[PDB]
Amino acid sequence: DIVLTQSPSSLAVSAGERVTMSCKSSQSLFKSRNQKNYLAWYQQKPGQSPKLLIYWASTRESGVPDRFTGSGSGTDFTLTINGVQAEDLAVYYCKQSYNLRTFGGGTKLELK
């Protein structure tokens, strides 16, 4: 039962501010073979379908803005939004794909 714990539950910044959010895992999503971490971040605007943001912990999914930085390895990961855009209002899910798939609880981003 690999469990990812996201903090905060939510947070409210202004447009342009600097936001970071954390993801603690039950188990090291570090695969030794390929030497990658099996974590991914998704974006879900309110009332919309999710949308891949970052995979293997740090790789930005094509089309994704420089703003979004994935970081970490093993059982500790984060997501930074350098200079938030209004576009960014959503819930952010981390999801382990080390063994099957397991969604985190999500961080709800507010914009002032």
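The numbering used is simple: start at 1 and walk along the sequence shown.
- The question of which stretch, 64 to 72 or 48 to 56, has the higher mean Cα B factor is settled in favour of 64 to 72.
- Averaged over Cα atoms, the B-factor as recorded in the entry is higher for 20 to 28 than for the other of 20 to 28 and 84 to 92.
- The entry lists a Cα temperature factor for residue 38 that places it in the middle third of the chain's modelled residues.
- For residue 13, the recorded CA temperature factor ranks within the middle third of the chain's modelled residues.
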